[PDB]
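Here's a solo chain for you in structure tokens, the form deposited in one PDB entry.
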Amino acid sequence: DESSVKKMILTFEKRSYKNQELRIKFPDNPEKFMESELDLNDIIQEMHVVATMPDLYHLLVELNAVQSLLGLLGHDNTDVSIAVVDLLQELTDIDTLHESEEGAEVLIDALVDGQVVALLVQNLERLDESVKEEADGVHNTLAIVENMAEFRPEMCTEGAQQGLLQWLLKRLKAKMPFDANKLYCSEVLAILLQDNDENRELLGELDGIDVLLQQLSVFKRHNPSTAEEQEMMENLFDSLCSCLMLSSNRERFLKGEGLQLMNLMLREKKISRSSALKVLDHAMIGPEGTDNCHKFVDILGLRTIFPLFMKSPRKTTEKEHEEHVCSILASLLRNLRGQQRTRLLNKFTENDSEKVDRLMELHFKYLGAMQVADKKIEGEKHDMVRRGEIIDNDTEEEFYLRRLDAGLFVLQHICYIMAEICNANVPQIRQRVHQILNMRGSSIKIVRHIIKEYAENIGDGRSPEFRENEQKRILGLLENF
């Protein structure tokens, strides 16, 4: 009922106005503003019905309420603020939101204009999670931000650095027992870090990496007791990984003893092992891992990793485990120099080159799978041709996915390792390689082809100069092998 709705908003806006006036005017007592406050509370509650029709979100904007509500977030009393937050949550709830086409956009825009996020942060900075009500408020705020994020992610960057990111770190860092709020915070932080480098940089600046390490480290020598705790842990790990997609952060991770903590996680063999592995991989990946690569060997990483290379936890699937391990190995071979490189190579000569044997075993495994996949793909293509279905970029994407699933990346890594290993002028290794290859009649040629293919697509999101360099380097392995 549209006229009625309109009337109702004015019902609040005046109340909103007058009660402010009351606050301003008569000297500071309960009685002279007090009864206003109850009125305010109840109107807000009533308005919670308003979220059923977002066809009517052209309204709230319309004259006065948007700014007024925002202004109310700083109210001298928490119960107004929390009510406001609640309203926003109901009002902002995506799941009831995503129907309305104009209704969504305007409100969000208004919020952005009013720098809603900053106000929310400010409000938070005065809450007290001892008081159940207040605690609910925090949760509500978090929910609201999640909702906003889902609708329009361009505000993520200014949302963080409106102080939100700094608040999140503080809440994580707080020596409080685990509760839903912490989990929510973790979730939000993770979301904030999805594909956004500015946010990552901000986190790095704020000593966020240190915080992440510390929070994580609990699960080194303990083990989440619940789905909730576990979920939180996972979120944290994800956040860390996201942060690591950025070079500056490699160094921060290094400084914060990230490498040591992940190696301890591996040694411990608790649940965090898989995540730790992933983190390690992320730390080491490109040129920008070199220092991390070198340090890993220094802290005896080789002793932790090669057992994992050799046998994969009876108990994340096996492929993933293999993928990460091999990835790490590849990284090490790319980047390592001096004594650490020598150390690495030595692990390919013990014990009668058993690791080379392992590598070749792996290669055959992956190769067979790849072949199978390839055949299937070919068949599909043929079928498409028969049916006159044109193969476009979506089709190619789909095909790529299949290959990925079969293990393309792992295979590529293996091939790379093999190439680098046979370029070490260590006869024993080379002989073992070639011996093994013809002996079962797979061929150098296949390996070469694979290498070439890998080179072709290397470096997806980086300077063209880089790509050509890397490709060239990889090709150079083929000369002496």
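When you see a residue number, it is the position in the sequence shown, counting from 1. Residues that one form lacks are left out of the comparison. Here the rigid core means the biggest group of C-alpha atoms that line up within 1.5 Å when the two forms are laid on top of each other.
Below, we refer to the form deposited in another entry, which is not included among the displayed structures.
Among the candidates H294, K182, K381, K270, the CA atom that moves 2 angstroms or more between the shown form and the other one after core superposition belongs to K381 alone. Superposition on the rigid core between the shown form and the other one places the CA atom of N393 2 Å or more away from its counterpart. Once you line up the core between the shown form and the other one, the Cα of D95 ends up 2 Å or more from where it was. Shifted stretches between the shown form and the other one, defined as 3+ consecutive common residues each with a CA displacement of 2 angstroms or more after rigid core fitting, are listed in sequence order as 22 to 27, 95 to 97, 379 to 397.
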